[PDB]
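With the authors' numbering applied, the sequence shown corresponds to residues -1 to 157, 164 to 398, in that order.
Down below is the structure, laid out as structure tokens.
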Amino acid sequence: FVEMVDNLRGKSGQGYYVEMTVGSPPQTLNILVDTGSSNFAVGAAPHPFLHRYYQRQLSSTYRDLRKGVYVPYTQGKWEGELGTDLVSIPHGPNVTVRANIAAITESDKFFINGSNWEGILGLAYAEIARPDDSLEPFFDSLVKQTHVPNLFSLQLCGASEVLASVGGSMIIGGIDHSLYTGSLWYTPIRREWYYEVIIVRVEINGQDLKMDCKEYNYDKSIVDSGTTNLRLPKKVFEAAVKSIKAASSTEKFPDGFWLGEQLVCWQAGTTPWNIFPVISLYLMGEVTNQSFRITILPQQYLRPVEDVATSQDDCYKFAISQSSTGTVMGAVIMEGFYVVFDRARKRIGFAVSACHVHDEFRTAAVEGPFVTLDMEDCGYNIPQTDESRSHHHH
Ligand SMILES: O=C(OC1CCOCC1)[C@H]1C[C@]2(CN1)C(=O)Nc1ccccc12
Ligand SMILES: [Zn+2]
Ligand SMILES: [Zn+2]
């Protein structure tokens, strides 16, 4: 896995992306790595925001599936034409794989200006693939066609005329023990659609939020490398903020700051990290009544953004935001940790990352186990729609 290290790049807040080739001869493209979707989609038309796109007509190996796909997000939208071609990852494994590619022909608010990626690589499970679960996702194709273990791992590393560049590693097919310190800890994948986990306890600076633990997972908690922020359900969010406000109270910030809408700044290098509390999410363990905590620093949830005006200032954006769709453990969280997506054992691994950013007082941590007597169920059960209910899976 030597040759897989440092295979991710991107700009801060705009996504981590891996270099993939597709087609024959190999058309080379930067692709966003996104564990919260399950389609492989590539720009195949010209767009204002694309330097270069997938040209099917220039690939001998391309096969058209004569099917359309249409894929809305909450923010953003794209549609395209389904097909298959040869695909490989230069700084990934030394194989080539035939895989489904959605060729994107039109899109509203999908491609980001300056982000330098032209596709998305969803690494979640078939259930949430579009247009339905029979479109075999890339990673399924990869395992099915090669001897590559059903596992991958992500180390997303940290962040004045452009955004900051970011780096990381996507290790396909196992674990690289130079990427993490300390113990590696695993929570169950509750269910294979999203990388859904369960949170059992939340502490802000060692203080329990003291909420029914269902609230932490309403209506779901997921891990999404293609979300920047830590997203939390409204009730959890508001308590988080009350508590972060509390400890930060020496400092008085405009509404817009906490809404993720505005920047706050200090003199170059005088930023007072110590009035901001660590956050600790306890995740369900592999053993019943067991949990383990990941602790993340203010350095993670305050995101540095380089001001053009006062460039003699360090300025930060609050990267916790509100959700109506449950908890999303995005890049803000992952950036503390080597995260291991162990699909073979239906589990997610966390360890402290060999690269994670910290001050001299505190450190992001993975620390367990903890035990609760008669730990109730913290899972939510999403109301079943009749649409959903009427689907046949044969
Ligand atoms: O569907 C996703 O994330 C949602 C978020 C909340 O959790 C449920 C799943 C993928 C696709 C994504 C980010 N990750 C998205 O949504 N817009 C968007 C826009 C550009 C790139 C990637 C995405
Ligand atoms: Zn049927
Ligand atoms: Zn099905």
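Ideal Cβ positions, reconstructed from N, Cα and C, are used throughout, including at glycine.
What is the rounded straight-line gap between the Cα of residue i and the Cα of residue j?
{"i": "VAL344", "j": "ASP363", "result": "25 Å"}
{"i": "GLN153", "j": "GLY13", "result": "13 Å"}
{"i": "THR231", "j": "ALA168", "result": "17 Å"}
{"i": "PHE354", "j": "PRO192", "result": "12 Å"}
{"i": "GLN25", "j": "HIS49", "result": "13 Å"}
{"i": "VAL201", "j": "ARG235", "result": "14 Å"}
{"i": "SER315", "j": "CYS269", "result": "10 Å"}
{"i": "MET338", "j": "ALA250", "result": "25 Å"}
{"i": "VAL291", "j": "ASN114", "result": "42 Å"}
{"i": "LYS239", "j": "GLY117", "result": "34 Å"}
{"i": "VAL206", "j": "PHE280", "result": "16 Å"}
{"i": "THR329", "j": "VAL166", "result": "32 Å"}
{"i": "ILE324", "j": "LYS65", "result": "39 Å"}
{"i": "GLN266", "j": "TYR68", "result": "34 Å"}
{"i": "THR389", "j": "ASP223", "result": "14 Å"}
{"i": "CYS155", "j": "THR185", "result": "14 Å"}
{"i": "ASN98", "j": "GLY177", "result": "20 Å"}
{"i": "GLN303", "j": "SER252", "result": "14 Å"}
Where DSSP assigns a beta bridge to residue i, which residues make up the other side?
{"i": "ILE179", "result": "According to DSSP, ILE179 bridges with nothing at all."}
{"i": "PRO237", "result": "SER327"}
{"i": "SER357", "result": "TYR184"}
{"i": "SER173", "result": "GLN153"}
{"i": "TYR384", "result": "None, per the DSSP bridge assignment."}
{"i": "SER225", "result": "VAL201 and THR331"}
{"i": "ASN98", "result": "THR82"}
{"i": "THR191", "result": "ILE352"}
{"i": "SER105", "result": "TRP76"}
{"i": "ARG307", "result": "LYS321"}
{"i": "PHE38", "result": "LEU119"}
{"i": "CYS269", "result": "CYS319"}
{"i": "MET288", "result": "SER295"}
{"i": "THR19", "result": "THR26 and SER86"}
{"i": "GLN211", "result": "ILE208"}
{"i": "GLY66", "result": "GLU79"}
{"i": "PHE257", "result": "According to DSSP, which records beta bridges pairwise, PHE257 is partnered with nothing at all."}
{"i": "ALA369", "result": "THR299"}
{"i": "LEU6", "result": "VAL16 and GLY172"}
{"i": "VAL375", "result": "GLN294"}
{"i": "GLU196", "result": "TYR199"}
If distances are taken between C-alpha atoms only, which option among the options comes closest to residue i?
{"i": "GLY210", "options": "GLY383, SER284, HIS49 and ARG61", "result": "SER284"}
{"i": "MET288", "options": "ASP381, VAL146 and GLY81", "result": "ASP381"}
{"i": "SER327", "options": "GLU371, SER105, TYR51 and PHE241", "result": "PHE241"}
{"i": "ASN148", "options": "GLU165, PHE136, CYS155 and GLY156", "result": "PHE136"}
{"i": "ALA368", "options": "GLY41, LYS321, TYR305 and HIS395", "result": "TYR305"}
{"i": "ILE175", "options": "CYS217, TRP197 and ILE87", "result": "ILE87"}
{"i": "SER35", "options": "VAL146, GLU196, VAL85 and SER22", "result": "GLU196"}
{"i": "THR254", "options": "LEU188, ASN278, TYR123 and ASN28", "result": "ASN278"}
{"i": "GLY11", "options": "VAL356, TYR320, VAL370 and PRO373", "result": "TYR320"}
{"i": "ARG194", "options": "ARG128, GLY383, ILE99 and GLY120", "result": "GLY383"}
{"i": "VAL332", "options": "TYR220, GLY74 and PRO308", "result": "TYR220"}
{"i": "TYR15", "options": "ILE29, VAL3 and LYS142", "result": "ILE29"}
{"i": "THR103", "options": "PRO91, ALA39 and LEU84", "result": "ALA39"}
{"i": "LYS75", "options": "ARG128, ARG54 and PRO91", "result": "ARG128"}
What did DSSP end up calling residue i once you bin it into helix, strand or coil?
{"i": "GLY120", "result": "strand"}
{"i": "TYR14", "result": "strand"}
{"i": "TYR52", "result": "coil"}
{"i": "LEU30", "result": "strand"}
{"i": "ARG297", "result": "strand"}
{"i": "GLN73", "result": "coil"}
{"i": "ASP346", "result": "strand"}
{"i": "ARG61", "result": "strand"}
{"i": "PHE280", "result": "coil"}
Is it right to say residue i is buried, meaning 16 or more other beta carbons lie within 10 angstroms of its own, or is it exposed?
{"i": "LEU263", "result": "exposed"}
{"i": "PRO44", "result": "exposed"}
{"i": "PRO387", "result": "exposed"}
{"i": "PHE257", "result": "exposed"}
{"i": "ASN111", "result": "exposed"}
{"i": "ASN5", "result": "buried"}
{"i": "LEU183", "result": "buried"}
{"i": "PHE108", "result": "buried"}
{"i": "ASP378", "result": "exposed"}
{"i": "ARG61", "result": "exposed"}
{"i": "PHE365", "result": "exposed"}
{"i": "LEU56", "result": "exposed"}
{"i": "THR274", "result": "exposed"}
{"i": "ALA335", "result": "buried"}
{"i": "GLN53", "result": "exposed"}
{"i": "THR72", "result": "exposed"}
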